[PDB]
Amino acid sequence: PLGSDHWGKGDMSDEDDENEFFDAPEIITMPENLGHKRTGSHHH
Amino acid sequence: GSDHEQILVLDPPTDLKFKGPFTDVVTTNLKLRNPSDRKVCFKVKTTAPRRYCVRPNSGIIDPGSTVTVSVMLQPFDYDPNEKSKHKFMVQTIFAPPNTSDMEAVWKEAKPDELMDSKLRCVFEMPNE
């Protein structure tokens with residue numbers, strides 16, 4: 339539903355913090371992170 | 001005591017309240033007012049960007065004027081034994097009277113001129 343033409347700035351940060359504050363996006367589109375897991379696991 | 005307030009008034013000032021069953025998104029609006037005779041840039045920060053959404057994310061407030069910021073808190077598995085770990089933070093700094101770029105105000109802003117304040121997330125059940 340919601341969104342903008344340019345958003346989601348700020349990256350590569352790493353510091354000591356009581357809770358870790360983030361730059362609070364307008365809406366969530368990509369939860370957690372991407373990874374190598376595909377069509378089940380192993381069977382290589 | 002070493003805690004102090006920013007130029008912007010907040011509403012609620014103390015904590016963000018989330019009332020509703022957490023089976024769906026909760027919407028909580030925060031009112032920010034400017035007491036000053038100057039323009040001011042505002043920014044919002046949160047403890048989890050994949051569990052909390054802030055429609056504007058940022059902006060500027062005029063002298064004597066107010067902006068309403070909608071927070072959308074995402075559904076989760078609540079536990080009555082678990083404690084709230086989540087917080088909000090609002091950062092503010094004075095804007096010049098003749099700019100078209102809000103990001104440049106944050107790049108000219110200094111760590112000694114930057115104001116902020118912090119708030120917790122509260123969770124309440126409908127009980128009906």
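Quick note, the sequences are listed as chains B and A, same order. The deposited numbering puts the last residue of the first sequence at 382; the count rises by one with no breaks. The deposited numbering puts the last residue of the second sequence at 128; the count rises by one with no breaks. We treat Cβ as the ideally placed atom computed from N, Cα and C, and that holds for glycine.
As assigned by DSSP and simplified to three states, the class of residue i
{"i": "A/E124", "result": "strand"}
{"i": "A/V105", "result": "helix"}
{"i": "residue 130 of chain A", "result": "Residue 130 of chain A is absent from the model: chain A starts at 1 and stops at 128."}
{"i": "A/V44", "result": "strand"}
{"i": "B/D361", "result": "coil"}
{"i": "A/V25", "result": "coil"}
{"i": "A/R33", "result": "strand"}
{"i": "A/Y52", "result": "strand"}
{"i": "A/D79", "result": "coil"}
{"i": "A/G59", "result": "strand"}
{"i": "B/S379", "result": "coil"}
{"i": "A/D11", "result": "strand"}
{"i": "A/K118", "result": "strand"}
{"i": "A/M72", "result": "strand"}
Beta-carbon separation (whole angstroms), residue i vs residue j, contact threshold 8 Å
{"i": "B/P369", "j": "A/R50", "result": "5 Å"}
{"i": "A/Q91", "j": "A/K43", "result": "4 Å"}
{"i": "A/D24", "j": "A/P75", "result": "5 Å"}
{"i": "A/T27", "j": "A/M72", "result": "6 Å"}
{"i": "A/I60", "j": "A/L8", "result": "Not a contact, Cβ separation roughly 11 Å."}
{"i": "A/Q6", "j": "A/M115", "result": "4 Å"}
{"i": "A/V105", "j": "A/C53", "result": "That pair is no contact at about 24 Å."}
Own chain partners of residue i with C-beta closer than 8 Å, once the 5 adjacent residues on each side are dropped
{"i": "A/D11", "result": "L30, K31, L32, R33"}
{"i": "A/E124", "result": "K17, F18, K19, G20"}
{"i": "B/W345", "result": "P363, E364"}
For residue i, the first and last residue of its enclosing beta strand (DSSP E)
{"i": "A/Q91", "result": "87-94"}
{"i": "A/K19", "result": "16-19"}
Contacts around residue i, its chain only, beta-carbon distance under 7 Å, and the 5 residues preceding and following it disregarded
{"i": "A/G64", "result": "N34"}
{"i": "A/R38", "result": "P63, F94"}
{"i": "A/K87", "result": "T47, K118, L119, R120, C121"}
{"i": "B/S342", "result": "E364"}
{"i": "A/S70", "result": "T27, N29, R55"}
{"i": "A/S36", "result": "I7, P63"}
Cutoff 6 Å; reference residue i; Cβ partners in own chain excluding five residues on either side
{"i": "A/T68", "result": "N29, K31"}
{"i": "A/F22", "result": "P75, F76, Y78"}
{"i": "A/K45", "result": "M89"}
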